[PDB]
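Quick note on labels: first sequence line is chain A, next is B, and so on, each numbered from 1.
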Amino acid sequence: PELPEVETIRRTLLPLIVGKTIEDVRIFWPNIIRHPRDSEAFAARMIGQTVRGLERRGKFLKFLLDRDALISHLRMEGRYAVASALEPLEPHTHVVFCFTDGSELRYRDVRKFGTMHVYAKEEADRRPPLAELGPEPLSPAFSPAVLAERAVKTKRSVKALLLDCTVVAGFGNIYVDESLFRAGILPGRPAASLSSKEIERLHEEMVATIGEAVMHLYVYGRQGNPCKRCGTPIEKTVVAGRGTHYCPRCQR
DNA sequence: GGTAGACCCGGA
DNA sequence: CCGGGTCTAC
Ligand SMILES: [Zn+2]
């Protein structure tokens with residue numbers, strides 16, 4: 001899921017788990033667990049804790065328990081569900097948190113690509129994977145001035161800059177391409193070549209792009225089809241080792 | 001500071 | 001053999 005879908009998951013999942021107490025944690029693919037390094041320690045430590053909250057940072061979910069925070073990334077195919085311990089698990093279920101009321105929070109992932117880390121709540125923000133994560137794109141902490149500062153100092157393309165998780169949290173390939181299109185900026189432009197006007201416009205479109213979705217695509221996956229604004233065929237290239245989609249007329 | 005390997009596997 | 005995102009390794 002992209003950032004807006006992760007926000008919907010956070011909002012939806014919270015009431016289904018808040019106040020519930022963990023009675024067991026079952027792990028069917030231990031490699032998902034990244035901290036503690038031993039999946040047996042991960043499971044042991046969570047037993048007896050109650051779910052108190054659920055927050056999001058970038059595309060990470062942060063489950064707040066009594067003492068610990070569980071930081072979860074679903075990547076593109078991970079999914080959570082709350083369901084009865086009496087019913088058979090869905091295929092590709094890798095981790096299950098069993099609650100004392102006979103319900104479960106289940107993590108499933110055909111790609112087995114997701115990650116979980118657990119630390120004391122107070123340590124979570126300064127440890128991987130949240131350490132160094134940039135500001136929320138919808139926060140005042142993400143500003144044209146913050147963007148301008150990072151752009152001036154780099155040799156990289158503007159696409160590469162926006163894909164850097166330390167610049168802004170949870171902007172992936174799709175919203176990077178879409179934001180650049182809406183701002184009229186070619187993805188392969190060096191970040192340091194953008195004018196002040198271009199940085200301001202890009203910031204505005206990034207916020208609009210994420211903001212509207214959290215509440216139709218112009219270029220992403222649309223190569224060969226006409227631009228929705230000028231009718232020019234959308235093109236696809238490689239920029240910063242990613243599939244990159246753009247209108248060669250609208251973007252400069 | 002900036003690139004690359006490592007995770008993962010359904011479908012081309 | 002490719003795709004994604006985000007960490008660890010050069
Ligand atoms: Zn166009």
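- Toward the 5' end of DNA chain C, the nearer of the two residues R111(A) and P129(A), judged by each one's closest nucleotide, is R111(A).
- A salt bridge links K20(A) with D101(A): the distance from a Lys NZ or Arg NE/NH1/NH2 to an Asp or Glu carboxylate oxygen falls below 4.0 Å.
- Both conditions, centre separation below 5.5 angstrom and plane angle below 30 degrees, hold for the six-membered rings of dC8(B) and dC9(B).
- Remark: of the listed residues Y246(A), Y218(A), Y220(A), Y218(A) is the sole one forming a ring pair (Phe, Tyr, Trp, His ring centres under 6.0 Å) with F181(A).
- Side-chain atoms of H92(A) and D109(A) include no donor-acceptor pair closer than 3.5 Å.
- Contact footprint of chain A on DNA chain C: nucleotides with an atom under 4.0 Å from a non-hydrogen protein atom, first to last in 5' to 3' order, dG3(C) to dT8(C).
- Taking 4.0 Å as the cut-off between side-chain N and carboxylate O, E136(A) and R56(A) count as a salt-bridged pair.
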### Summary
A correct dot-bracket answer for DNA chain B, with pairs being Watson-Crick or G-U at under 3.5 Å, [ ] for crossing pairs and | for inter-strand pairs, is ...||||||||.
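- In the region residues 238-245 of chain A, proximity to DNA chain C at under 4.0 angstrom, judged on heavy atoms, holds for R242(A), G243(A).
- Straight-line distance from the CG atom of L163(A) to the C1' atom of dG1(B): 16 Å, rounded to whole Å.
- Rounded to whole Å, atom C1' of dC7(B) lies 14 Å from atom CD1 of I33(A).
- Ion pair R182(A)/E204(A) not flagged as a salt bridge, since none of the NZ, NE, NH1 or NH2 atoms sits closer than 4.0 Å to an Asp/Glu carboxylate oxygen.
- Residue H73(A) contributes atom NE2, which lies 16 Å from atom P of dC8(B) at whole-angstrom precision.
- Residue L161(A) contributes atom CG, which lies 11 Å from atom P of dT3(B) at whole-angstrom precision.
- Contact of the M46(A) side chain with the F97(A) side chain is registered, since non-hydrogen atoms from C-beta on lie closer than 4.5 Å.
- One finds a salt bridge joining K159(A) and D177(A) here, because a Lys/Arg side-chain nitrogen approaches an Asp/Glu carboxylate oxygen to under 4.0 Å.
- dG4(C) has a positive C1'-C2'-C3'-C4' torsion, placing its sugar in the north range.
- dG5(C) and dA12(B) have their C1' atoms separated by 22 Å, given to the nearest Å.
- In this structure, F171(A) and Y175(A) have perpendicular ring planes: the angle between them is above 60°, well past the 30° mark.
- Among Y107(A), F113(A), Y80(A), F60(A), the one residue that satisfies the ring pair (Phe, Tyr, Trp, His ring centres under 6.0 Å) test with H73(A) is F60(A).
- If you take CZ of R156(A) and P of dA4(B), they are 13 Å apart, rounded to a whole angstrom.
- Where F113(A) and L133(A) meet DNA chain C, the nucleotide closest to each residue was compared, and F113(A) sits on the side nearer the 5' end.
- Contact between the side-chain N/O atoms of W29(A) and the OP1/OP2 oxygens of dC8(B) is found at a separation under 4.0 Å.
- By the 4.0 Å N-to-carboxylate-O rule, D164(A) lies close enough to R150(A) to be salt-bridged with it.
- Remark: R10(A) engages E7(A) in a salt bridge, criterion side-chain N to carboxylate O under 4.0 Å.
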